[PDB]
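Just below is one structure, and these are the notes that go with it.
Here Cβ is always computed from backbone atoms with ideal geometry, including for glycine, and neighbour counts include all displayed protein chains. All of the numbers you see were taken from the coordinates with simple rules; none came from a lab.
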Amino acid sequence: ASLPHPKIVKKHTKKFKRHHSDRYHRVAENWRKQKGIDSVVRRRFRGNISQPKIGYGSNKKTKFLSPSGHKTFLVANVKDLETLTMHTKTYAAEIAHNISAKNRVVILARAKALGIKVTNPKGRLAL
Amino acid sequence: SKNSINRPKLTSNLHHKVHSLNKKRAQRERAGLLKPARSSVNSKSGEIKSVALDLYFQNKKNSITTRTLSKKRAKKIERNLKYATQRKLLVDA
Amino acid sequence: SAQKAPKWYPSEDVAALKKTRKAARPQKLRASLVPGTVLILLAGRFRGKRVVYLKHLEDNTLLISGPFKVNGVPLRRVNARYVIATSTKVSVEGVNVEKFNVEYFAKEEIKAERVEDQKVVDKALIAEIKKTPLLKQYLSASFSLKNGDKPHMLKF
Amino acid sequence: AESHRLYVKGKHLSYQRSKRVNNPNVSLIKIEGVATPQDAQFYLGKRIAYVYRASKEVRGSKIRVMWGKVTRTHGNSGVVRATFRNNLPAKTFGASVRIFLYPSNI
Amino acid sequence: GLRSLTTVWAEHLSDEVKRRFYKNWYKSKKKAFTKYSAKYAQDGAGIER
Amino acid sequence: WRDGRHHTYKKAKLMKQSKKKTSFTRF
Amino acid sequence: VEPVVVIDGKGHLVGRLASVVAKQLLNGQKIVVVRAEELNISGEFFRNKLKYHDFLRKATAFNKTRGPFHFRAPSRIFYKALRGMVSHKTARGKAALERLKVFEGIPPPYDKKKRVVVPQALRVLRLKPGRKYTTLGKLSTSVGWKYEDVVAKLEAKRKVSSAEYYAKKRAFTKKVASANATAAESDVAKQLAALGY
RNA sequence: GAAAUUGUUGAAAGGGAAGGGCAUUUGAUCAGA
RNA sequence: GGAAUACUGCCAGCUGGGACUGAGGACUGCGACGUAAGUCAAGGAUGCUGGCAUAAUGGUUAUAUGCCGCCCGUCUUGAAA
RNA sequence: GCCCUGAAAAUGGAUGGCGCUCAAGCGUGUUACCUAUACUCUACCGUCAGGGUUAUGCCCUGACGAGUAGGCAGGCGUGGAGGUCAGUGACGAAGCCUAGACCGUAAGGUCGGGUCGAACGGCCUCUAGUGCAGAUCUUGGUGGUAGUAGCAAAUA
RNA sequence: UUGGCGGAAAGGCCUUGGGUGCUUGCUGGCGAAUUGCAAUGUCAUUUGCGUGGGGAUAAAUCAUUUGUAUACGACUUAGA
């Protein structure tokens, strides 16, 4: 279906959580750097959470690729779909959340006609 | 374990717990409360999961739950299903 | 528009592979493996059963017969790295292993060709097995590790 | 007849570890009757299986398996290092393990 | 320490000791030592053993 | 044995002990 | 190389036996120690009694009921020496110690079974002669163990029964060896001799 | 019609804290092809 | 008087087992073996085969187990205090 | 040279603990072995430099990566404004819940399901009352303490 | 099935007889196959419901009472 690509490896599947986001409800899981000078997490003591850094970066050849081997492209209409007439083995359509079911069937039909992969079918279409 | 050093304590407790849990799992399986395999005909893998539509089709096929349907949503489902079958008939013809 | 567009697009032309310098070269089997050698199987349906060695095949495998008559093992393909080679040996003279190749075993009940070939080879095999005392019973028996057996010390 | 054993019995002792640190990716195995690295050099490369029982039956068996390989020796007393496809759970320190005779070089 | 390995009782006993064994005497059927008295049969093999 | 009920009661106690592994002398 | 190993504590040294046993339990071997009353320690009686008194004066002050519990029996002394080696505050150490059983004397079912020793823990092999040693029954009776007179009375019976057993087994063995010697010189035996049996 | 907080139901853990990091077992649940 | 062996060092000597990795993606270059033809272990792995095709691998989640892990911020030479 | 003494108090106590006596102690020598974010090899991320090429891009090669005060650069996000997508939308806008999925080192973004019932987004730019865990912070709300303290002066 | 021993946590040990099978101590005759070149390749109590074995018929607690007891629980007694 998609193009052959190198085998995808991520170097960090686990999420980067903020310190004490488990301890307090007011502290959310969104990452925030600890600026404290007395901070063991900033000082990188043994037995502490990992911090994000560029060493964890993904390979450029496999970046922005889902396991199918496609880069996701958001679509709201058949005109945005027909942008990917050529690029069927590299890109995959994802219908936007705000779209309705009477237009989703149109988009899916045109995607079938053009030979495009749609990432989120069966959306508002169980009937 | 000091008053009885030649008697196992923790190994017995863990034997008890594993048998405990195995029986409960087997009974939760017999009662059909756990979901079936991926390839079984009654399975829902890849489809959308919504208790509202599940209840709708169950009450169309027509002991205590938190699952209701919101008659609002029931009317909406009937509306959208009329639209769906209209489109299917237009394919019909 | 929800997602505008990329100005760059990778070409979908998938490029051929470079000329790989990795040629197939024939296998070099260990010294212990020589036809007519008694073998011990370590896996499969017939794990622990003693058989004989007949031929080396094009796909790196070995052809073996039990004989079927004594231990119930048919003509079979076996990997050489799942096998122990005993110092015991039989003289192979007259058995027609020339027929058997890799295409003989392609599968796509039992075939009359198979039972025919098996009988006509294991008559000639039993004829030479009868010379040594107890080898029929040895091949009929199975192999097992007892308490106090250490394979690094055991001569096979 | 009475015995159908085509493996050697061993014990899962520990992970590769320092004083206060452990590497779960590598395990240490003690083989029965093996006292030296000169003897463990035989068992290097061999296949390893930890066999356990579950209550569930998944593919026609309540018996589940963890496969691995022997990689190298460890010390002077005949203990070996081993690597598995999936690391062992550390509830198995002091559990029996099967070391098969294949892949054989004999 | 010291362990008791057997206790032997008599053939007939009084309502007093039966009351001691009981905790609601006025409702019970008072079935305390019936089978032991039966074990006191012809030769008392168990008693003598 | 004492032959009346001690036999059954003691074998049942020992087997409960050996299944729960709660025995002082036996493992 | 066995499911369970019975060890006669007679003639052994407490700490070395504790070390080997602990490292065996943590490897998963089930072990049962007997005759702890005949166990030995290096050094004269006086020294080790002084040491046990040093241990015995230690106790939580505001409540003695929650302090170090000073067990007097040889089995418990050995258990202490062993538990101090094992990380008994972990589930692993608990499971290890639950593979062990320590007994004063040889009670059933282990009286009808084989016992072994540990040569890298024996007094006669590890110690140099001309060196005072201490025995654990004497020490425990000094520090308040009130059962050494029953264990001797029972071992004196066990030994008699075992002597009867041995006297029977030894005549049976004589019969067997004589029959084997008569069977010898046969060609089957010559072949077996050639092949090493 | 959010959170703190609370109740019922269901699953799990619990020998003087809990939570966290690495690694896997066990149970439940899940997507892709 | 005649040798051998130990020790040290060398071989662009021979041979075997085990572990991790397989980057790159038409050709081009140094080379080697070959009468040529061409072949090759020479500017990054190819070939043969089986099983499954699904919750099996894998992820997420509640736990357990081995090891580790002191509550954050500010202030100050420096504190868990 | 080793050993004993060669003074030191008062909760029970520490060669780290167990314990060790031709040692598991002292001195010395010979080997083997364990083991770090250190050294070597490989891959990947980023920066820097050097080259090549009709494109603040593409390709080749190599060396490097600690960090407080602090400095520089590239980016994510919020309210409103100009343009554009002849954008999205009552076959359901925004918002909220979500053991479900995905993409980024991350900031964050996207999808599915449920609830809801009317407006809201991507991109090129502009602008600012623009991003919180703290401040014995402000306002509002809620808990454990807790069915607890207690509801005992003035005769009934 | 006979008889004896064994109380440390005996719970096991030995023995008599007759049945019942097997015996690789020795020599023969048939079958194995396709689990496809390996996949641990699974082999060692009953509670629960068919089973019909299928008959026998105890206590404690609350309430009440006592006071040798007692903050309340508890304890101690009595009551067909």
From DSSP H assignment alone, runs of 4+ in chain G each adding -39500 (n - 2.57), the sum over residues rounded to the nearest 500 puts [θ] at 222 nm at -15000 deg cm²/dmol
Hey, got the dipole for chain D? About the Cα centre, +1 on K and R Cβ, -1 on D and E Cβ, debye to the nearest 20? 480
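Cβ under 14 Å from residue D:24's Cβ, residue D:24 left aside: what net charge do those residues give with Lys, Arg +1 and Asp, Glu -1? Provide the component values of the computation, followed by the final result.
Details: positive: D:17, D:81, D:85, D:91; negative: none.
Overall, the nearby charge balance is +4.
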How big is the convex hull of the Cα atoms of the range G:148-197, per residue, in Å³? 72
Across the range G:148-197, how many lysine pairs separated by 8 or more positions, or lying on different chains, have Cα atoms within less than 24 Å? 8
Pairwise label distance in nanometres, residue D:22 with residue C:116, each label 7 Å out on the Cα-Cβ vector: 6.4
If you average the sequence gap of Cα pairs under 8 Å that are 6 or more apart and divide by the length of chain D, what percent do you get for the contact order? 36
For the protein assembly as shown, what class follows from the C-alpha gyration tensor (a ≥ b ≥ c being the square roots of its eigenvalues): rounded when a/c is under 1.5, otherwise prolate if a/b is larger than b/c, else oblate? oblate
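So what is the 222 nm mean residue ellipticity for chain A from helices alone, if each DSSP H run of at least 4 adds -39500 (n - 2.57) and you divide by all residues, rounding to the nearest 500 deg cm²/dmol?
Working: 3 runs with 22 residues, N = 127.
Value at 222 nm, helices only: -4500 deg cm²/dmol.
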For chain G, what does the convex hull of the Cα positions come to per residue, in cubic angstrom? 178
Å³ per residue of the Cα convex hull, for chain C? 288
Positive dipole terminus of the protein assembly as shown, leading residue within D:12, G:43, C:120 (C-beta point charges): G:43
With Rh as the Kirkwood radius over Cα pairs, the range G:82-197 has Rg/Rh of 1.15
Neighbouring Cβ atoms within 10 Å as the yardstick, rank A:19, B:19 fewest first. B:19, A:19
Neighbour-count order for G:172, G:62, C:100, fewest beta carbons within 10 angstrom listed first: G:62, G:172, C:100
Could you give the distance between the Cα centres of the range G:35-53 and the range C:24-80, to the whole Å? 65
Take residue D:91, project a point 7 Å from its Cα along the Cβ direction, then tell me which residues of the range D:1-41 have their backbone nitrogen under 12 Å from it. none
Pairs E:23/G:64; C:155/D:62; E:29/F:19; F:11/G:114: which are spaced more than 28 Å apart, C-alpha to C-alpha? E:23/G:64; C:155/D:62; E:29/F:19
How large is the charge dipole for the protein assembly as shown, taken about the Cα centre, if only the Cβ atoms of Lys, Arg (+1) and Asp, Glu (-1) carry charge, to the nearest 20 debye? 4140
Starting from the 7 Å offset along Cα-to-Cβ, what nm value, one decimal, do you get for the label separation of residue A:21 and residue E:42? 8.8
Do the alpha carbons of any pairs in B:82/C:4; B:24/B:72; B:17/G:101 sit beyond 30 Å of each other, and which pairs? B:82/C:4; B:24/B:72
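I'd like the FRET efficiency for residue E:3 and residue D:44, computed as 1/(1 + (r/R0)^6) with the beta carbon distance as r and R0 of 56 Å, rounded to 0.05.
On the way: r = 57 Å, r/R0 = 1.02.
Result of the calculation: an efficiency of 0.50.
Compute, for the range C:6-156, the length of the dipole vector about the Cα centre, with Cβ point charges of +1 (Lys, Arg) and -1 (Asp, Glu) only. Units Debye, rounded to 20.
On the way: 30 positive and 15 negative charges, 149 e Å.
Computed charge dipole of the range C:6-156: roughly 720 debye.
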With a sphere of radius 14 Å drawn around the Cβ of residue C:37, what net charge do the other residues whose Cβ falls strictly inside it have (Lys, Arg +1; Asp, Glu -1)? +3
Dipole-positive endmost among D:78, G:70, F:6 within the protein assembly as shown (Cβ charges, Cα centre): G:70
Of the options E:38, E:7, E:25, report the single residue whose Cα projects farthest towards the positive end of the charge dipole of chain E (beta-carbon charges: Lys, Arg +1; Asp, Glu -1). E:25
If the cut-off is a Cα-Cα distance under 17 Å, which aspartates and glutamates reach residue F:13, setting aside same-chain residues fewer than 8 apart in sequence? F:3
Once you list every other residue whose beta carbon is under 13 Å from the beta carbon of residue E:39, what net charge do they have if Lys and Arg are +1 and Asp and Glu are -1? 0
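Just want to confirm a number: the relative contact order over the range A:6-127, from Cα pairs under 8 angstrom separated by 6+ residues, in percent.
Working: 114 pairs, mean separation 21.9, N = 122.
Relative contact order for the range A:6-127 comes out at 18 percent.
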